[PDB]
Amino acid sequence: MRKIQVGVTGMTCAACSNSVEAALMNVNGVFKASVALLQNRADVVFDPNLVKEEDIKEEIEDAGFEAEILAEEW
């Protein structure tokens, strides 16, 4: 696995953050998704054999938000 810190804009309630988490957990290859409503962040642990950063970004976009990778954690 690798871990990325994704920036997300548009989340303004608990349901929003939950929706982003749910969306991410439905992406094949994503092991863990932790969303921080207050910080415009979604931290994602994923298997690069099965999914990449762009796909993670796209899943968040498809959910209804805007996203870009902020940093690689490990």
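The numbering used is simple: start at 1 and walk along the sequence shown.
- Mean CA temperature factor is higher for 51-59 when stretches 51-59 and 13-21 are set side by side in the entry.
- Compared with the other modelled residues of the chain, the Cα B-factor recorded for residue 26 ranks in the highest third.
- In this PDB entry, residue 8 carries a Cα temperature factor that places it within the middle third of its chain's modelled residues.
- Sort the modelled residues of the chain by CA B factor and residue 67 lands in the middle third.
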